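First comes the structure, then the notes that go with it.
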Amino acid sequence: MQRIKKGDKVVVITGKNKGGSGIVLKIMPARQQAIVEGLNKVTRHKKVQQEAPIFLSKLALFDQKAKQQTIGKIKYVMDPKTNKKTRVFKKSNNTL
Amino acid sequence: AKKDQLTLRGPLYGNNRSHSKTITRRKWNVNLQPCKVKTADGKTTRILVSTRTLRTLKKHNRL
RNA sequence: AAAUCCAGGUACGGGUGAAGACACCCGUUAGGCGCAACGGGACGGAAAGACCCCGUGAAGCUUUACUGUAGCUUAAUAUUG
RNA sequence: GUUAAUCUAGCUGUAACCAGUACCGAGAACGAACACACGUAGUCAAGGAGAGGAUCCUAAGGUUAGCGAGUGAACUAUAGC
RNA sequence: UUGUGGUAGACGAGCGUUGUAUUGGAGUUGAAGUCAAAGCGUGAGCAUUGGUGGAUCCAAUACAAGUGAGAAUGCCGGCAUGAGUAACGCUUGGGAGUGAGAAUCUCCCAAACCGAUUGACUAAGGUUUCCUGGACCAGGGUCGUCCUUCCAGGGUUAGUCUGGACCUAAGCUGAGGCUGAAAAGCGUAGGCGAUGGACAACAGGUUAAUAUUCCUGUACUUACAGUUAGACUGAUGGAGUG
RNA sequence: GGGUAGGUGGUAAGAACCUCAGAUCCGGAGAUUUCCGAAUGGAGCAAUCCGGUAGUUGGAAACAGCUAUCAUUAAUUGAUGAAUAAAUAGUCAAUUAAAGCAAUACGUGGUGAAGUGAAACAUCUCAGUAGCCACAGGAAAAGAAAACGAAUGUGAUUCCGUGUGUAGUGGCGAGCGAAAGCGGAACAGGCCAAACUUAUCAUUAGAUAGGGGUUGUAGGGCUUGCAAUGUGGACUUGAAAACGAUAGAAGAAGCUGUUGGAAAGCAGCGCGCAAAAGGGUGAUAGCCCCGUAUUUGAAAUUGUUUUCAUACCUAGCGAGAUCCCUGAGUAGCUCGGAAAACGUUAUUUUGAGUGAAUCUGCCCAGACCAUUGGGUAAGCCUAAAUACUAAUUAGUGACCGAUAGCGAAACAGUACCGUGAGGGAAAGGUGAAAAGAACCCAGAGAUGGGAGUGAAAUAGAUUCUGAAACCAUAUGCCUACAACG
Ligand SMILES: [Mg+2]
Ligand SMILES: [Mg+2]
Ligand SMILES: [Mg+2]
Ligand SMILES: [Mg+2]
Ligand SMILES: [Mg+2]
Ligand SMILES: [Mg+2]
Ligand SMILES: [Mg+2]
Ligand SMILES: [Mg+2]
Ligand SMILES: [Mg+2]
């Protein structure tokens, strides 16, 4: 599928911001960009706090069902018997 | 075309190797004569035919 | 704008010299720098001299130079009795 | 063609397709490498004197020749003497 | 001990460059490249420090070559000099206005040339150069608020005009066909081909830009049916005219 | 069918919508496919003009919409029909093929130079090269012996090495240069004409369609018997299966600290492997992501092979006897020329002329004759090895890295030159990301100077670095009686 879909929580692994948990709004799959709300607000000087895209490498999904709300990889291989392709964390078993 | 109509034997191209062996390109033209012929539908025709095939026509009695 | 241009702070006489010198030699003269001029020189500039010669170089032209040839003409043979 | 077609004259009605149509037409739109003194078919062609479309000046109309301002030396062109 | 000048030219030993291989190793605590400096070598050449710069690179041994530049009236790019020199390619004076800025633009008034023309209409060409508003990187041999330049918007209106839908000349093409190694060449019927023949529209007005085209007024033509009357029509061909 | 969650092509933000009832996207198959163009209704200055015919709709009718058809040539079929009575030419109609393009390449075939070399030059070479032209093809051409050629011999063709720079050939100068033999890649040989026989053509057949038969230690036909039911393919239709090609699915493993703008480096402690190929991620990542190794999967279209059935073709050993057949303007011979290594010569071809024989035959073994020996022309067909790659896919490089490399890294065969054929360029890089520099002062304005973002604005849109020639500014020293590579 896609490791990053519009809507799900996501945090930053590298850059000037660390642990900048926020929500994703737009994804440009062609150029590998994401627009996470609440992050990298650059003060545009129009002749405003529109966001700045963050490359999908930096982003990482946010576990929310485990007591330790840590960060992990994703499997797609889980195709539940009564479901289509789903996301499940490698160092856990938590769908989405 | 200066070739005959029964067969298509055309001119032969060679050299005019004179004395002292100077070369000069030259053509040999088939002997064409207007002798008649008779087909097996009537339609007697006059065709430009070469002499070598004229002899063959003369012996196979195609006139 | 231009052609030009080995670097230049680029005198004159006699001599010498690849044989006619801004530079060499020996004398002489001359503060530094422009502007308008004129043309003696720098064998000035523009053109790898047109003449001449050389190349086992080119092209054009000529002819009773050579070798061939398109054409024109003559004979045998086929077309053909 | 007559058991009427076709034409002529008139009345009523209908239709009249396709491309060109601006502007320049040359001392600045064309051919000259240019906003280059050159070249390019035909048409209209006023008045005075005059044979006249010559020649001098003007009309209808139209242009400011897309670097200026001075001085009035040599020197050059052009005119005048 | 004997020697060590040297072009053409023979021979020997060597430096450097680019890359590959294995071996060591330096680098955002700043790599190569680039300039600067008062170093070291017998030479080709080689280090050291600092500024700049912002990611690759140095040494050792072999190997392979687009391997080493001052000259070719060398090629390409840049820059001088000549020089702020010659040239700026037929013409004026002013008032008022605009504008930050005017000889140069707009208006006015003269002035000076043209006038068998620098005037007016069009063909050929060219292809938006036309009209209005705006702009002043570049082009304009100066300047410029302005240009035939640039930008946004716009304009070309036909039964009768120029040409097709009619005609043919020179000529071009050319079914069959003739000739020619091949392609092609020649050519008949047909078909094209105006610079020519035949065909019906005049005057005036209007818009910033069109006009025998639009509008106003008055016209003509060529077809088509339907209708009234008269009449027998009379061609793909013959003749006359053209 | 795949495939998810965004998307409406790039300079591109905004405006207005479609979409998670499964769009866009990707792959297969389809339909639409204006006009010119072989261009083909007729023209024509290419991309425009003018039509005919047959339907249908509108209209009272011209006329207009809307459909299809309308070139030439060759073959075949039918109809019609001349001077001329019949017949043929011709004309009309119907059906089926191509005409063109390009892969600047490869193949064949026709025609065919010169420069140059010879230190000049004509014989000769360059060269059967370039060019022009016709013709296809996926490869073509060639080809199954009237052979090689010296032997108790090989046994279609093609291609590579060697023979060898040999034997020869050459104004015996320059130069040219095989055929055998040998080692190899690949390997298949089939079928007509004619004798004889059948059926039919006013059967004057000398013709049409069958059977039969294919050749050399000669064969086949003609008369007579035995054995055969089978391999074999240069090959027709079906069915089944396998392996692929065209979208894709899953696809392991990491944190901490320091410099730091950002660490993925450096350092500490781990970890995974059929994956340490590669690309991106703020600086050099095996563990951040996308992939890769591996394991997989196709509704539809397509390729190669295999299996079973299925046609057509294809099969063997003897006996008799003057029987018949065994490719005619042909092989030769002569005149002029050429291919072959050979500058004309056996062999091979031919523009002109002449011209045989028939198994006791014909041709051949470098003029020629005899002996010996080899092979049977004058008819057709043929996969494989071979040559070439503009093209599709994956990938490589001790190949180039913007004066290079394709002429061309970008809207290049463009702009531009030329009437036309044709000739024919130059130039790329901000930063990690526009956070493209709001605001203030001067100014008419571009712009500049502060501010602001940012690691740096000596990164500022003149945009990576930024030498030299070159032009200006400045500390320090010298120079206005001086002859200066
Ligand atoms: Mg001189
Ligand atoms: Mg003029
Ligand atoms: Mg005129
Ligand atoms: Mg007058
Ligand atoms: Mg006059
Ligand atoms: Mg001067
Ligand atoms: Mg002067
Ligand atoms: Mg002057
Ligand atoms: Mg012999």
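Chain identifiers are assigned as A, B, and so on, following the order in which chains appear in the structure tokens; residues are numbered from 1 within each chain, and ligands are numbered from 1 in order of appearance.
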
All residues having an atom within 12 Å of ligand 1 (only C-alpha atoms (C1' of nucleotides) and all ligand atoms) as a PDB file with C-alpha atoms (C1' of nucleotides), in the first residue's frame:
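Result file result-v6.pdb:
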```
ATOM      1  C1'   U C   4      47.557  47.625 -37.604  1.00  0.00           C
ATOM      2  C1'   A C  42      59.718  53.452 -39.483  1.00  0.00           C
ATOM      3  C1'   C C  43      62.311  49.248 -46.710  1.00  0.00           C
ATOM      4  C1'   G C  44      54.304  52.227 -43.173  1.00  0.00           C
ATOM      5  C1'   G C  45      49.194  49.376 -43.732  1.00  0.00           C
ATOM      6  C1'   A C  46      45.780  46.461 -46.936  1.00  0.00           C
ATOM      7  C1'   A C  47      47.100  41.479 -50.922  1.00  0.00           C
TER       8        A C  47
END
```

Taking only C-alpha atoms (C1' of nucleotides) and all ligand atoms into account, which residues have an atom no farther than 8 Å from ligand 5? I'd like them as a PDB file with N, CA and C atoms (P, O5', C5', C4', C3', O3' and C1' of nucleotides), in the first residue's frame.
```pdb
ATOM      1  P     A D  54       6.877  69.422 -67.114  1.00  0.00           P
ATOM      2  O5'   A D  54       7.915  69.705 -68.281  1.00  0.00           O
ATOM      3  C5'   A D  54       9.144  68.976 -68.331  1.00  0.00           C
ATOM      4  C4'   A D  54      10.192  69.800 -69.027  1.00  0.00           C
ATOM      5  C3'   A D  54      10.754  70.966 -68.227  1.00  0.00           C
ATOM      6  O3'   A D  54      11.792  70.530 -67.361  1.00  0.00           O
ATOM      7  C1'   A D  54      10.260  71.669 -70.430  1.00  0.00           C
ATOM      8  P     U D  55      11.707  70.830 -65.795  1.00  0.00           P
ATOM      9  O5'   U D  55      12.112  72.361 -65.700  1.00  0.00           O
ATOM     10  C5'   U D  55      13.229  72.862 -66.444  1.00  0.00           C
ATOM     11  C4'   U D  55      13.147  74.360 -66.531  1.00  0.00           C
ATOM     12  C3'   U D  55      12.521  75.042 -65.334  1.00  0.00           C
ATOM     13  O3'   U D  55      13.533  75.181 -64.354  1.00  0.00           O
ATOM     14  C1'   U D  55      11.600  75.933 -67.303  1.00  0.00           C
TER      15        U D  55
ATOM     16  P     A E 116       4.634  70.338 -61.790  1.00  0.00           P
ATOM     17  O5'   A E 116       4.844  68.900 -62.432  1.00  0.00           O
ATOM     18  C5'   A E 116       4.211  67.742 -61.873  1.00  0.00           C
ATOM     19  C4'   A E 116       5.078  66.524 -62.067  1.00  0.00           C
ATOM     20  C3'   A E 116       6.218  66.668 -63.065  1.00  0.00           C
ATOM     21  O3'   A E 116       7.124  65.580 -62.888  1.00  0.00           O
ATOM     22  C1'   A E 116       4.536  65.326 -64.004  1.00  0.00           C
TER      23        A E 116
END
```

key: 12 Å contact set for residue 14 (chain D), only C-alpha atoms (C1' of nucleotides), chain neighbours under 2 positions out, as number ranges by chain   = D: 12, 16; E: 223-226; F: 59-63

When you look at residue 94 (chain A) with a cut-off of 9 Å (counting only C-alpha atoms (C1' of nucleotides)), what residues show up, excluding the ones that are within fewer than 6 positions of it in the same chain? I need them as a compact mmCIF listing (two decimals) with C-alpha atoms, in the first residue's frame.
```txt
# COMPACT_ATOMS: atom_id res chain seq x y z
CA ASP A 63 1.72 3.52 17.68
CA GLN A 64 -1.22 4.39 19.90
CA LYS A 65 -2.52 1.04 21.20
CA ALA A 66 0.59 0.05 23.15
CA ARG A 87 -1.05 -2.06 8.20
CA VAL A 88 0.43 -3.76 11.25
```

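All residues within chain B that the backbone DSSP calculation assigns to helix (DSSP H, G or I) are residues 19, 20, 21, 51, 52, 53, 54, 55, 56, 57, 58 and 59 of chain B.
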
Just to be explicit: take each residue in the selection above, keep N, CA and C atoms, and write the result as a PDB file, in the first residue's frame.
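Written file, part.pdb:
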```pdb
ATOM      1  N   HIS B  19      43.442  -2.229 -80.408  1.00  0.00           N
ATOM      2  CA  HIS B  19      44.868  -2.487 -80.345  1.00  0.00           C
ATOM      3  C   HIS B  19      45.486  -1.560 -79.311  1.00  0.00           C
ATOM      4  N   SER B  20      46.572  -2.013 -78.693  1.00  0.00           N
ATOM      5  CA  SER B  20      47.186  -1.359 -77.542  1.00  0.00           C
ATOM      6  C   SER B  20      46.285  -1.383 -76.318  1.00  0.00           C
ATOM      7  N   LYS B  21      45.144  -2.059 -76.398  1.00  0.00           N
ATOM      8  CA  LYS B  21      44.371  -2.467 -75.229  1.00  0.00           C
ATOM      9  C   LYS B  21      43.808  -1.288 -74.447  1.00  0.00           C
ATOM     10  N   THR B  51      16.579 -12.902 -83.825  1.00  0.00           N
ATOM     11  CA  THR B  51      16.804 -13.921 -84.848  1.00  0.00           C
ATOM     12  C   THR B  51      17.016 -15.300 -84.241  1.00  0.00           C
ATOM     13  N   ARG B  52      17.667 -15.371 -83.080  1.00  0.00           N
ATOM     14  CA  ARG B  52      17.899 -16.673 -82.467  1.00  0.00           C
ATOM     15  C   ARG B  52      16.586 -17.369 -82.136  1.00  0.00           C
ATOM     16  N   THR B  53      15.597 -16.626 -81.637  1.00  0.00           N
ATOM     17  CA  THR B  53      14.291 -17.235 -81.417  1.00  0.00           C
ATOM     18  C   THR B  53      13.523 -17.376 -82.715  1.00  0.00           C
ATOM     19  N   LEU B  54      13.855 -16.578 -83.725  1.00  0.00           N
ATOM     20  CA  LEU B  54      13.214 -16.758 -85.020  1.00  0.00           C
ATOM     21  C   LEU B  54      13.545 -18.123 -85.598  1.00  0.00           C
ATOM     22  N   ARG B  55      14.785 -18.573 -85.428  1.00  0.00           N
ATOM     23  CA  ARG B  55      15.131 -19.919 -85.866  1.00  0.00           C
ATOM     24  C   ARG B  55      14.337 -20.978 -85.106  1.00  0.00           C
ATOM     25  N   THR B  56      14.216 -20.829 -83.784  1.00  0.00           N
ATOM     26  CA  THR B  56      13.443 -21.793 -83.006  1.00  0.00           C
ATOM     27  C   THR B  56      11.997 -21.822 -83.465  1.00  0.00           C
ATOM     28  N   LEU B  57      11.414 -20.648 -83.689  1.00  0.00           N
ATOM     29  CA  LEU B  57      10.062 -20.579 -84.221  1.00  0.00           C
ATOM     30  C   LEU B  57       9.981 -21.265 -85.575  1.00  0.00           C
ATOM     31  N   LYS B  58      11.035 -21.142 -86.373  1.00  0.00           N
ATOM     32  CA  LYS B  58      11.031 -21.719 -87.708  1.00  0.00           C
ATOM     33  C   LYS B  58      11.101 -23.239 -87.655  1.00  0.00           C
ATOM     34  N   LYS B  59      11.740 -23.800 -86.625  1.00  0.00           N
ATOM     35  CA  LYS B  59      11.830 -25.259 -86.595  1.00  0.00           C
ATOM     36  C   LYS B  59      10.652 -25.896 -85.873  1.00  0.00           C
TER      37      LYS B  59
END
```

key: Shell of 7 Å around residue 38 (chain B), only C-alpha atoms (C1' of nucleotides), local chain residues under 2 positions omitted, as a VMD selection string   = chain B and resid 40 42 44 to 45 62 to 63

inquiry  = Show me, as a list in words, the residues of chain B whose atoms get within 8 Å of chain E, using only C-alpha atoms (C1' of nucleotides) for the distance check.
reply    =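 Selected residues: residues 1, 2, 10 and 11 of chain B.
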
Distance filter 12 Å around ligand 4, atoms: only C-alpha atoms (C1' of nucleotides) and all ligand atoms, out as a list in words = residues 45, 46, 47, 48, 49, 50, 52, 53, 54, 55, 56, 57, 58 and 59 of chain D; 115, 116 and 117 of chain E

Residues of chain F that have any atom at most 7 Å from an atom of chain B: could you tabulate them with the shortest-distance atom pair and the distance in Å to one decimal, using only C-alpha atoms (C1' of nucleotides), ordered by chain and increasing number, as JSON lines?
```
{"residue": "F:88", "atom": "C1'", "partner": "B:43", "partner_atom": "CA", "distance": 5.7}
{"residue": "F:123", "atom": "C1'", "partner": "B:21", "partner_atom": "CA", "distance": 6.1}
{"residue": "F:329", "atom": "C1'", "partner": "B:56", "partner_atom": "CA", "distance": 5.7}
{"residue": "F:337", "atom": "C1'", "partner": "B:14", "partner_atom": "CA", "distance": 5.6}
{"residue": "F:351", "atom": "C1'", "partner": "B:28", "partner_atom": "CA", "distance": 5.1}
```

key: Contacts of residue 379 (chain F) at 10 Å (only C-alpha atoms (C1' of nucleotides); same-chain gap of 4+ positions) as JSON, numbers by chain   = {"F": [192, 193, 327]}

ask   = Given a cut-off of 9 Å, what residues near ligand 6 show up using only C-alpha atoms (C1' of nucleotides) and all ligand atoms, put as a ChimeraX atom specification?
value = /E:82-83,85

request  = Extract the full set of strand (DSSP E or B) residues from chain A according to DSSP on the backbone, and format it as a PyMOL selection string.
outcome  = chain A and resi 9-12+22-28+33-37+54-55+59-61+75+88+95

Keeping C-alpha atoms, export the residues of the selection given above as a tab-separated table (two decimals), in the first residue's frame.
```tsv
chain	number	residue	atom	x	y	z
A	9	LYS	CA	-0.75	10.29	13.30
A	10	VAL	CA	2.94	10.53	12.47
A	11	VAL	CA	6.14	11.78	14.10
A	12	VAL	CA	9.49	13.05	12.85
A	22	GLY	CA	1.20	15.77	14.38
A	23	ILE	CA	-1.41	14.91	11.77
A	24	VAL	CA	-0.80	14.58	8.04
A	25	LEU	CA	-3.01	16.49	5.59
A	26	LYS	CA	-1.65	16.19	2.04
A	27	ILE	CA	0.77	13.72	0.47
A	28	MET	CA	2.42	14.23	-2.92
A	33	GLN	CA	6.36	14.96	0.28
A	34	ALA	CA	4.05	15.16	3.27
A	35	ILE	CA	2.34	18.12	4.93
A	36	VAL	CA	2.11	17.46	8.67
A	37	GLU	CA	-0.07	19.95	10.51
A	54	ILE	CA	8.65	16.96	4.97
A	55	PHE	CA	10.09	14.09	2.97
A	59	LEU	CA	8.19	10.54	8.85
A	60	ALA	CA	7.31	7.54	10.99
A	61	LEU	CA	3.96	6.17	12.08
A	75	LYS	CA	4.04	-4.91	7.89
A	88	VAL	CA	0.43	-3.76	11.25
A	95	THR	CA	-3.55	-3.00	13.10
```

Given 10 Å and only C-alpha atoms (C1' of nucleotides) and all ligand atoms, residues near ligand 9 as a list in words = residues 346, 364, 365, 366 and 368 of chain F

Would you name the residues within 9 Å of ligand 3, counting only C-alpha atoms (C1' of nucleotides) and all ligand atoms, and put them as a PDB file with C-alpha atoms (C1' of nucleotides), in the first residue's frame?
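Result saved to pocket-v6.pdb:
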```pdb
ATOM      1  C1'   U D  40       9.965  48.729 -59.225  1.00  0.00           C
ATOM      2  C1'   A D  41       3.852  47.980 -64.020  1.00  0.00           C
ATOM      3  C1'   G D  42      -0.315  51.085 -64.829  1.00  0.00           C
TER       4        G D  42
END
```

task = Go through the chains and note each residue within 10 Å of ligand 7, using only C-alpha atoms (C1' of nucleotides) and all ligand atoms, then give the set as JSON, numbers by chain.
result = {"C": [35, 36, 37], "E": [85, 86]}

Written file, previous selection with N, CA, C and O atoms (P, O5', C5', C4', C3', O3' and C1' of nucleotides), as a PDB file, in the first residue's frame:
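Now in selection.pdb:
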```pdb
ATOM      1  P     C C  35      46.664  65.042 -28.347  1.00  0.00           P
ATOM      2  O5'   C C  35      46.354  66.489 -28.883  1.00  0.00           O
ATOM      3  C5'   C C  35      45.280  67.241 -28.318  1.00  0.00           C
ATOM      4  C4'   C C  35      45.147  68.578 -29.028  1.00  0.00           C
ATOM      5  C3'   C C  35      45.339  68.605 -30.537  1.00  0.00           C
ATOM      6  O3'   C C  35      44.196  68.117 -31.222  1.00  0.00           O
ATOM      7  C1'   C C  35      46.559  70.373 -29.625  1.00  0.00           C
ATOM      8  P     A C  36      44.332  67.470 -32.692  1.00  0.00           P
ATOM      9  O5'   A C  36      44.521  68.748 -33.622  1.00  0.00           O
ATOM     10  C5'   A C  36      43.539  69.797 -33.630  1.00  0.00           C
ATOM     11  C4'   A C  36      43.961  70.891 -34.578  1.00  0.00           C
ATOM     12  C3'   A C  36      44.399  70.424 -35.963  1.00  0.00           C
ATOM     13  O3'   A C  36      43.275  70.441 -36.839  1.00  0.00           O
ATOM     14  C1'   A C  36      46.029  71.890 -35.044  1.00  0.00           C
ATOM     15  P     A C  37      43.165  69.375 -38.024  1.00  0.00           P
ATOM     16  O5'   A C  37      44.282  69.856 -39.043  1.00  0.00           O
ATOM     17  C5'   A C  37      45.604  69.326 -38.983  1.00  0.00           C
ATOM     18  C4'   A C  37      46.531  70.258 -39.708  1.00  0.00           C
ATOM     19  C3'   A C  37      47.378  69.602 -40.790  1.00  0.00           C
ATOM     20  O3'   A C  37      46.635  69.585 -42.017  1.00  0.00           O
ATOM     21  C1'   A C  37      48.778  70.763 -39.269  1.00  0.00           C
TER      22        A C  37
ATOM     23  P     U E  85      36.712  62.273 -29.206  1.00  0.00           P
ATOM     24  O5'   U E  85      37.449  62.126 -30.607  1.00  0.00           O
ATOM     25  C5'   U E  85      38.692  62.801 -30.837  1.00  0.00           C
ATOM     26  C4'   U E  85      39.344  62.289 -32.096  1.00  0.00           C
ATOM     27  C3'   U E  85      38.423  61.976 -33.264  1.00  0.00           C
ATOM     28  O3'   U E  85      37.680  63.103 -33.756  1.00  0.00           O
ATOM     29  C1'   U E  85      39.874  60.179 -32.986  1.00  0.00           C
ATOM     30  P     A E  86      37.784  63.854 -35.238  1.00  0.00           P
ATOM     31  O5'   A E  86      37.568  62.661 -36.273  1.00  0.00           O
ATOM     32  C5'   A E  86      38.054  62.789 -37.621  1.00  0.00           C
ATOM     33  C4'   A E  86      37.612  61.628 -38.478  1.00  0.00           C
ATOM     34  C3'   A E  86      36.148  61.608 -38.899  1.00  0.00           C
ATOM     35  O3'   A E  86      35.866  62.463 -39.998  1.00  0.00           O
ATOM     36  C1'   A E  86      36.779  59.457 -38.176  1.00  0.00           C
TER      37        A E  86
END
```

query = Using only C-alpha atoms (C1' of nucleotides), which chain F residues lie at most 6 Å away from chain A, written as JSON, numbers by chain?
reply = {"F": [250, 262, 281, 288, 289, 435, 438]}

What does the file look like for those residues with N, CA and C atoms (P, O5', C5', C4', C3', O3' and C1' of nucleotides), as a PDB file, in the first residue's frame?
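File part10.pdb, as written:
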```
ATOM      1  P     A F 250       3.317  -5.381  -1.486  1.00  0.00           P
ATOM      2  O5'   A F 250       3.768  -6.595  -0.566  1.00  0.00           O
ATOM      3  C5'   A F 250       2.800  -7.263   0.262  1.00  0.00           C
ATOM      4  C4'   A F 250       3.423  -8.474   0.909  1.00  0.00           C
ATOM      5  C3'   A F 250       4.778  -8.270   1.580  1.00  0.00           C
ATOM      6  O3'   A F 250       4.620  -7.804   2.915  1.00  0.00           O
ATOM      7  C1'   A F 250       4.851 -10.192   0.218  1.00  0.00           C
ATOM      8  P     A F 262      21.400  21.512  14.392  1.00  0.00           P
ATOM      9  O5'   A F 262      20.663  21.009  13.075  1.00  0.00           O
ATOM     10  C5'   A F 262      19.890  19.783  13.147  1.00  0.00           C
ATOM     11  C4'   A F 262      19.731  19.140  11.791  1.00  0.00           C
ATOM     12  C3'   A F 262      20.528  17.863  11.591  1.00  0.00           C
ATOM     13  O3'   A F 262      19.806  16.711  12.031  1.00  0.00           O
ATOM     14  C1'   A F 262      20.896  19.339   9.791  1.00  0.00           C
ATOM     15  P     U F 281      18.151  13.847  -1.501  1.00  0.00           P
ATOM     16  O5'   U F 281      17.571  13.320  -0.123  1.00  0.00           O
ATOM     17  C5'   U F 281      16.187  13.452   0.191  1.00  0.00           C
ATOM     18  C4'   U F 281      15.939  12.920   1.575  1.00  0.00           C
ATOM     19  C3'   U F 281      16.743  13.579   2.691  1.00  0.00           C
ATOM     20  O3'   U F 281      15.991  14.690   3.186  1.00  0.00           O
ATOM     21  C1'   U F 281      16.785  11.210   2.910  1.00  0.00           C
ATOM     22  P     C F 288      16.584   1.789  10.452  1.00  0.00           P
ATOM     23  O5'   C F 288      15.926   3.119   9.870  1.00  0.00           O
ATOM     24  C5'   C F 288      14.921   3.923  10.542  1.00  0.00           C
ATOM     25  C4'   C F 288      14.140   4.746   9.539  1.00  0.00           C
ATOM     26  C3'   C F 288      13.593   3.961   8.364  1.00  0.00           C
ATOM     27  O3'   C F 288      12.324   3.392   8.627  1.00  0.00           O
ATOM     28  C1'   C F 288      14.687   5.893   7.558  1.00  0.00           C
ATOM     29  P     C F 289      11.808   2.224   7.666  1.00  0.00           P
ATOM     30  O5'   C F 289      11.806   2.886   6.220  1.00  0.00           O
ATOM     31  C5'   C F 289      10.625   3.616   5.860  1.00  0.00           C
ATOM     32  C4'   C F 289      10.780   4.325   4.546  1.00  0.00           C
ATOM     33  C3'   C F 289      10.697   3.450   3.309  1.00  0.00           C
ATOM     34  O3'   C F 289       9.376   3.071   2.988  1.00  0.00           O
ATOM     35  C1'   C F 289      12.424   4.999   3.060  1.00  0.00           C
ATOM     36  P     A F 435       7.592  29.527  -0.278  1.00  0.00           P
ATOM     37  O5'   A F 435       7.868  30.010   1.219  1.00  0.00           O
ATOM     38  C5'   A F 435       9.055  29.585   1.943  1.00  0.00           C
ATOM     39  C4'   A F 435       9.643  30.700   2.769  1.00  0.00           C
ATOM     40  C3'   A F 435      10.532  31.699   2.053  1.00  0.00           C
ATOM     41  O3'   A F 435       9.798  32.786   1.507  1.00  0.00           O
ATOM     42  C1'   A F 435      11.676  30.886   3.915  1.00  0.00           C
ATOM     43  P     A F 438      10.560  42.439   0.373  1.00  0.00           P
ATOM     44  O5'   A F 438       9.163  42.202   1.065  1.00  0.00           O
ATOM     45  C5'   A F 438       8.070  42.992   0.629  1.00  0.00           C
ATOM     46  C4'   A F 438       6.895  42.733   1.525  1.00  0.00           C
ATOM     47  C3'   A F 438       6.423  43.911   2.364  1.00  0.00           C
ATOM     48  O3'   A F 438       5.513  44.759   1.673  1.00  0.00           O
ATOM     49  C1'   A F 438       6.702  42.041   3.766  1.00  0.00           C
TER      50        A F 438
END
```

Contacts of ligand 2, 10 Å or closer, only C-alpha atoms (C1' of nucleotides) and all ligand atoms, given as JSON, numbers by chain = {"D": [26, 27, 37, 38, 39, 40]}

Please produce an output containing C-alpha atoms (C1' of nucleotides) for each residue in the selection, written as a PDB file, in the first residue's frame.
```pdb
ATOM      1  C1'   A D  26       8.734  53.563 -50.639  1.00  0.00           C
ATOM      2  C1'   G D  27      14.855  59.642 -48.946  1.00  0.00           C
ATOM      3  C1'   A D  37      20.989  59.183 -51.489  1.00  0.00           C
ATOM      4  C1'   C D  38      19.446  52.890 -55.731  1.00  0.00           C
ATOM      5  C1'   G D  39      15.736  50.237 -58.090  1.00  0.00           C
ATOM      6  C1'   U D  40       9.965  48.729 -59.225  1.00  0.00           C
TER       7        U D  40
END
```

Polymer residues at most 12 Å from residue 298 (chain F), only C-alpha atoms (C1' of nucleotides), same-chain spacing of 3 or more positions, as a ChimeraX atom specification = /F:1-2,27-28,246-248,301
